[PDB]
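Peer 1: If you scroll down you'll find the structure; I have some questions about it.
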Amino acid sequence: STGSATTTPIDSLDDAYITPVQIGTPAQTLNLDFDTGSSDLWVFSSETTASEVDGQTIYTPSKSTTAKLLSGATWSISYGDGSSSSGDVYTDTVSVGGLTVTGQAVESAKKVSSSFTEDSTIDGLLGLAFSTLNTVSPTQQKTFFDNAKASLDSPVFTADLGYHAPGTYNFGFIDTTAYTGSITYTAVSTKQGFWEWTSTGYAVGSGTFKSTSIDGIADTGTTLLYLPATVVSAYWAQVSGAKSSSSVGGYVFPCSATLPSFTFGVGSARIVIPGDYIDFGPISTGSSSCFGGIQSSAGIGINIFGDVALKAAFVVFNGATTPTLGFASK
């Protein structure tokens, strides 16, 4: 089997991407944030505290003839941005772009934190990291990809995120029309549950490439590119007036600037992030200070190849017995 679904930016900055997902019988369609940095499929629901729902579409298990309470199971998750959610668990039929999994764990939110409530465009998350990170207790549950894998034509999914435009998530096949050149594959460590790999270095603008190993994760659920302070300082030093602002929470730059590109290495290959992809707009409405899309990871504990980096590439998440990642230009 295969599946193919369009993913659409939630706003004019590409802060995140939503993909429609069918849950239950008859189908209830929710727009989920596909997140290769986590492993829970959770949704706003008829069980979510009413004051914490503000415009989202909810899953109502009682209206699904295929929903079944997973007795005794609870979940609770905290994300790198400080947001969180928790609840109980149903199993139900879940379809993405024509690919159907029966018996998928659908984690129903009883509580969500303020940032989820405040984002009316995201109805939940669909985790695509390794199932060892799934938070369901006392019986850990599998991700949608893990459940679908055996049925797929090939045990892969691909992320093709757009810049200020829709893109595609494909399951079970590699669309050879969606990228240019060849796909370069690179090793993955699953030891932390992430799609964790080692970039071979970077360049700033037209500058020379610096060969240096940068371990990090391919994370579709993180907006920006978080890299070591040395790398980030070298980038922003090429932008007149750019500075790190403790009060804003990262590097800012004059909105009048033209930003240089940023290149990262994948083995001997190179992915170029155009300068425009690094502009996240005014820090507050009407400000002439703009927020940078490359930020330091020094306070995180891990480097994160988030959407800023991934949307410059066609990315293969290869879930073969030994997983690997592939990157191509597009």
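All residue names refer to the structure tokens as shown: chains lettered A, B, ... in order, residues numbered from 1 in each chain, ligands numbered from 1 in order.
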DSSP on the backbone: what in range 80-234 of chain A comes out alpha helix (DSSP H), as a PyMOL selection string?
Peer 2: chain A and resi 114-117+144-148+229-234
Peer 1: For those residues, write C-alpha atoms to a file as an mmCIF file, in the first residue's frame.
Peer 2:
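Printed below is out_38.cif as written:
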data_model
loop_
_atom_site.group_PDB
_atom_site.id
_atom_site.type_symbol
_atom_site.label_atom_id
_atom_site.label_comp_id
_atom_site.auth_asym_id
_atom_site.auth_seq_id
_atom_site.Cartn_x
_atom_site.Cartn_y
_atom_site.Cartn_z
ATOM 1 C CA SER A 114 -2.177 27.421 26.379
ATOM 2 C CA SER A 115 -0.114 27.401 23.174
ATOM 3 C CA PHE A 116 -2.246 24.564 21.787
ATOM 4 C CA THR A 117 -5.504 26.311 22.724
ATOM 5 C CA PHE A 144 1.055 5.391 12.612
ATOM 6 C CA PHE A 145 4.163 4.692 10.508
ATOM 7 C CA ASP A 146 5.216 1.748 12.681
ATOM 8 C CA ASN A 147 1.736 0.231 12.385
ATOM 9 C CA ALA A 148 1.581 0.796 8.612
ATOM 10 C CA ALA A 229 26.478 28.748 18.981
ATOM 11 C CA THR A 230 29.712 28.895 16.950
ATOM 12 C CA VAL A 231 27.858 28.094 13.707
ATOM 13 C CA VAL A 232 24.988 30.484 14.425
ATOM 14 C CA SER A 233 27.361 33.337 15.305
ATOM 15 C CA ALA A 234 29.237 32.817 12.033
#
Peer 1: Per residue of range 140-181 of chain A within 12 Å of range 206-225 of chain A, record the nearest atom pair and its distance in Å to one decimal, counting only C-alpha atoms, with rows in chain order and ascending residue number, as JSON lines.
Peer 2:
{"residue": "A:158", "atom": "CA", "partner": "A:220", "partner_atom": "CA", "distance": 11.0}
{"residue": "A:159", "atom": "CA", "partner": "A:220", "partner_atom": "CA", "distance": 8.2}
{"residue": "A:160", "atom": "CA", "partner": "A:220", "partner_atom": "CA", "distance": 10.2}
{"residue": "A:161", "atom": "CA", "partner": "A:220", "partner_atom": "CA", "distance": 8.8}
{"residue": "A:162", "atom": "CA", "partner": "A:220", "partner_atom": "CA", "distance": 11.9}
{"residue": "A:163", "atom": "CA", "partner": "A:223", "partner_atom": "CA", "distance": 11.9}
{"residue": "A:169", "atom": "CA", "partner": "A:220", "partner_atom": "CA", "distance": 10.9}
Peer 1: Grab the residues selected above and save them as a PDB file, in the first residue's frame with N, CA and C atoms.
Peer 2:
ATOM      1  N   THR A 158       8.221  10.104   3.231  1.00  0.00           N
ATOM      2  CA  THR A 158       8.992  11.249   2.772  1.00  0.00           C
ATOM      3  C   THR A 158       8.290  12.540   3.152  1.00  0.00           C
ATOM      4  N   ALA A 159       9.099  13.546   3.469  1.00  0.00           N
ATOM      5  CA  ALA A 159       8.638  14.889   3.771  1.00  0.00           C
ATOM      6  C   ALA A 159       9.123  15.832   2.682  1.00  0.00           C
ATOM      7  N   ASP A 160       8.185  16.536   2.054  1.00  0.00           N
ATOM      8  CA  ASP A 160       8.483  17.514   1.006  1.00  0.00           C
ATOM      9  C   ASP A 160       7.741  18.792   1.391  1.00  0.00           C
ATOM     10  N   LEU A 161       8.313  19.546   2.325  1.00  0.00           N
ATOM     11  CA  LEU A 161       7.664  20.741   2.841  1.00  0.00           C
ATOM     12  C   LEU A 161       7.906  21.918   1.907  1.00  0.00           C
ATOM     13  N   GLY A 162       6.875  22.739   1.710  1.00  0.00           N
ATOM     14  CA  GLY A 162       6.986  23.901   0.860  1.00  0.00           C
ATOM     15  C   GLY A 162       7.428  25.145   1.609  1.00  0.00           C
ATOM     16  N   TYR A 163       8.064  26.056   0.880  1.00  0.00           N
ATOM     17  CA  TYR A 163       8.322  27.406   1.371  1.00  0.00           C
ATOM     18  C   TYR A 163       7.148  28.285   0.968  1.00  0.00           C
ATOM     19  N   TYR A 169       3.423  14.819   2.202  1.00  0.00           N
ATOM     20  CA  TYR A 169       3.914  13.638   2.907  1.00  0.00           C
ATOM     21  C   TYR A 169       3.474  12.401   2.139  1.00  0.00           C
TER      22      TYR A 169
END
Peer 1: Hey, what's within 9 Å of residue 61 in chain A if we count only C-alpha atoms and toss same-chain stuff fewer than 2 positions away? As a PDB file with N, CA, C and O atoms, in the first residue's frame, please?
Peer 2:
ATOM      1  N   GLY A  24     -11.732   7.359  12.548  1.00  0.00           N
ATOM      2  CA  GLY A  24     -13.017   6.805  12.917  1.00  0.00           C
ATOM      3  C   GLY A  24     -13.929   6.488  11.748  1.00  0.00           C
ATOM      4  O   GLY A  24     -13.596   6.651  10.568  1.00  0.00           O
ATOM      5  N   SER A  45     -10.451  16.730  21.426  1.00  0.00           N
ATOM      6  CA  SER A  45     -11.529  15.754  21.445  1.00  0.00           C
ATOM      7  C   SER A  45     -12.724  16.300  22.216  1.00  0.00           C
ATOM      8  O   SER A  45     -12.667  17.364  22.840  1.00  0.00           O
ATOM      9  N   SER A  46     -13.808  15.521  22.193  1.00  0.00           N
ATOM     10  CA  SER A  46     -14.976  15.786  23.023  1.00  0.00           C
ATOM     11  C   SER A  46     -14.659  15.698  24.508  1.00  0.00           C
ATOM     12  O   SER A  46     -15.477  16.138  25.324  1.00  0.00           O
ATOM     13  N   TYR A  59     -12.186  15.370  17.765  1.00  0.00           N
ATOM     14  CA  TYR A  59     -12.557  13.968  17.603  1.00  0.00           C
ATOM     15  C   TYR A  59     -13.551  13.584  18.693  1.00  0.00           C
ATOM     16  O   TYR A  59     -13.304  13.817  19.882  1.00  0.00           O
ATOM     17  N   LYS A  63     -19.049   8.958  18.519  1.00  0.00           N
ATOM     18  CA  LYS A  63     -19.670   8.980  17.201  1.00  0.00           C
ATOM     19  C   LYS A  63     -18.974   8.063  16.208  1.00  0.00           C
ATOM     20  O   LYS A  63     -19.383   8.010  15.040  1.00  0.00           O
ATOM     21  N   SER A  64     -17.942   7.340  16.635  1.00  0.00           N
ATOM     22  CA  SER A  64     -17.204   6.438  15.764  1.00  0.00           C
ATOM     23  C   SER A  64     -17.527   4.995  16.130  1.00  0.00           C
ATOM     24  O   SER A  64     -17.257   4.562  17.254  1.00  0.00           O
ATOM     25  N   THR A  65     -18.059   4.241  15.166  1.00  0.00           N
ATOM     26  CA  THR A  65     -18.454   2.866  15.442  1.00  0.00           C
ATOM     27  C   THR A  65     -17.253   1.945  15.583  1.00  0.00           C
ATOM     28  O   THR A  65     -17.409   0.813  16.055  1.00  0.00           O
ATOM     29  N   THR A  66     -16.059   2.410  15.221  1.00  0.00           N
ATOM     30  CA  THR A  66     -14.852   1.606  15.322  1.00  0.00           C
ATOM     31  C   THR A  66     -13.962   2.017  16.492  1.00  0.00           C
ATOM     32  O   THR A  66     -12.928   1.386  16.721  1.00  0.00           O
ATOM     33  N   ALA A  67     -14.327   3.061  17.232  1.00  0.00           N
ATOM     34  CA  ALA A  67     -13.537   3.474  18.381  1.00  0.00           C
ATOM     35  C   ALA A  67     -13.733   2.509  19.545  1.00  0.00           C
ATOM     36  O   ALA A  67     -14.840   2.020  19.800  1.00  0.00           O
ATOM     37  N   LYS A  68     -12.647   2.243  20.259  1.00  0.00           N
ATOM     38  CA  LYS A  68     -12.691   1.413  21.450  1.00  0.00           C
ATOM     39  C   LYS A  68     -11.765   2.011  22.497  1.00  0.00           C
ATOM     40  O   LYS A  68     -10.601   2.313  22.210  1.00  0.00           O
ATOM     41  N   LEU A  69     -12.283   2.191  23.710  1.00  0.00           N
ATOM     42  CA  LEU A  69     -11.430   2.687  24.781  1.00  0.00           C
ATOM     43  C   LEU A  69     -10.320   1.675  25.025  1.00  0.00           C
ATOM     44  O   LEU A  69     -10.573   0.472  25.135  1.00  0.00           O
ATOM     45  N   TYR A  90      -7.960   5.853  22.922  1.00  0.00           N
ATOM     46  CA  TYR A  90      -8.827   4.980  22.150  1.00  0.00           C
ATOM     47  C   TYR A  90      -7.992   4.311  21.068  1.00  0.00           C
ATOM     48  O   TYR A  90      -6.933   4.809  20.683  1.00  0.00           O
ATOM     49  N   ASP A  92      -8.664   3.253  17.041  1.00  0.00           N
ATOM     50  CA  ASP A  92      -9.622   3.527  15.978  1.00  0.00           C
ATOM     51  C   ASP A  92      -8.907   3.399  14.640  1.00  0.00           C
ATOM     52  O   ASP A  92      -7.681   3.248  14.567  1.00  0.00           O
ATOM     53  N   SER A 108      -6.577  10.849  23.181  1.00  0.00           N
ATOM     54  CA  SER A 108      -7.590  11.888  23.311  1.00  0.00           C
ATOM     55  C   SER A 108      -7.195  12.844  24.427  1.00  0.00           C
ATOM     56  O   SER A 108      -6.993  12.422  25.573  1.00  0.00           O
TER      57      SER A 108
END
Peer 1: Any chance you could tabulate, as a tab-separated table, the residues of range 177-252 of chain A at most 7 Å from range 256-263 of chain A with each one's nearest atom pair and distance in Å to one decimal, using only C-alpha atoms, in chain and rising number order?
Peer 2:
residue	atom	partner	partner_atom	distance
A:202	CA	A:263	CA	5.2
A:203	CA	A:263	CA	4.9
A:204	CA	A:262	CA	4.9
A:205	CA	A:261	CA	4.6
A:239	CA	A:259	CA	6.6
Peer 1: Suppose we keep C-alpha atoms; can you now write the selection as a PDB file, in the first residue's frame?
Peer 2:
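File written: out-v4.pdb
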ATOM      1  CA  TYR A 202      28.141  24.117   6.712  1.00  0.00           C
ATOM      2  CA  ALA A 203      28.690  27.243   4.641  1.00  0.00           C
ATOM      3  CA  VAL A 204      27.373  30.787   5.015  1.00  0.00           C
ATOM      4  CA  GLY A 205      26.310  32.459   1.793  1.00  0.00           C
ATOM      5  CA  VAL A 239      24.088  40.279   8.442  1.00  0.00           C
TER       6      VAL A 239
END
Peer 1: Residues at most 7 Å from range 178-182 of chain A, counting only C-alpha atoms, excluding those fewer than 3 positions away in the same chain, as a list in words?
Peer 2: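 Skipping anything fewer than 3 positions along the chain leaves residues 175, 314, 328, 329 and 330 of chain A.
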Peer 1: Emit the selected residues as a tab-separated table (two decimals), in the first residue's frame, including C-alpha atoms.
Peer 2:
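Just written: selection37.tsv:
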chain	number	residue	atom	x	y	z
A	175	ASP	CA	8.27	10.05	-5.85
A	314	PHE	CA	13.20	16.27	-0.26
A	328	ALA	CA	17.90	15.52	-2.10
A	329	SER	CA	17.72	19.01	-3.50
A	330	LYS	CA	14.46	20.00	-5.19
Peer 1: DSSP says strand (DSSP E) for which residues of range 79-262 of chain A? Put them as a ChimeraX atom specification?
Peer 2: /A:84-96,99-112,124-127,156-160,167-171,184-187,196-204,210-218,225-227,243-245,250-254,262
Peer 1: Which value, in Å to one decimal, gives the distance between CA of residue 77 in chain A and CA of residue 123 in chain A?
Peer 2: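 Distance between the two atoms: 15.7 Å.
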Peer 1: Skipping near chain neighbours, those fewer than 6 positions away, what residues fall within 12 Å of residue 50 in chain A using only C-alpha atoms, listed as a count of residues only?
Peer 2: 8
Peer 1: Would you mind listing what lies within 10 Å of residue 113 in chain A as JSON, numbers by chain, with only C-alpha atoms counted and same-chain residues fewer than 3 positions away left out?
Peer 2: {"A": [52, 78, 82, 83, 84, 85, 86, 116, 117, 118]}
Peer 1: Name the residues in contact with residue 244 in chain A at a cut-off of 9 Å, using only C-alpha atoms, excluding same-chain residues fewer than 6 positions from it; report them as an MDAnalysis selection string.
Peer 2: chainID A and resid 233 236 250:253
Peer 1: I need the residues from that last selection saved to file as a PDB file, in the first residue's frame (with N, CA and C atoms), if you can.
Peer 2:
ATOM      1  N   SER A 233      26.655  32.060  15.273  1.00  0.00           N
ATOM      2  CA  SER A 233      27.361  33.337  15.305  1.00  0.00           C
ATOM      3  C   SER A 233      28.011  33.629  13.960  1.00  0.00           C
ATOM      4  N   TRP A 236      25.130  34.865  11.547  1.00  0.00           N
ATOM      5  CA  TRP A 236      24.581  36.203  11.800  1.00  0.00           C
ATOM      6  C   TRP A 236      25.624  37.307  11.687  1.00  0.00           C
ATOM      7  N   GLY A 250      16.519  35.320  21.139  1.00  0.00           N
ATOM      8  CA  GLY A 250      17.339  34.787  20.074  1.00  0.00           C
ATOM      9  C   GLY A 250      17.880  35.895  19.189  1.00  0.00           C
ATOM     10  N   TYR A 251      18.450  35.478  18.066  1.00  0.00           N
ATOM     11  CA  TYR A 251      18.973  36.417  17.090  1.00  0.00           C
ATOM     12  C   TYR A 251      17.840  37.131  16.381  1.00  0.00           C
ATOM     13  N   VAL A 252      17.992  38.445  16.276  1.00  0.00           N
ATOM     14  CA  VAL A 252      17.124  39.321  15.507  1.00  0.00           C
ATOM     15  C   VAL A 252      17.988  40.071  14.508  1.00  0.00           C
ATOM     16  N   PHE A 253      17.346  40.624  13.490  1.00  0.00           N
ATOM     17  CA  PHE A 253      18.078  41.320  12.442  1.00  0.00           C
ATOM     18  C   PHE A 253      17.188  42.403  11.852  1.00  0.00           C
TER      19      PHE A 253
END
Peer 1: Between A:32, A:325, A:310, A:316, single out the one closest to residue 196 in chain A, counting only C-alpha atoms.
Peer 2: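 Among the listed residues, the smallest separation from residue 196 in chain A belongs to A:325.
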Peer 1: What's the separation between CA of residue 7 in chain A and CA of residue 124 in chain A, in Å to one decimal place?
Peer 2: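 Taking CA of residue 7 in chain A and CA of residue 124 in chain A, their separation equals 14.0 Å.
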Peer 1: To one decimal place, how far is CA of residue 137 in chain A from CA of residue 76 in chain A in Å?
Peer 2: 8.8 Å
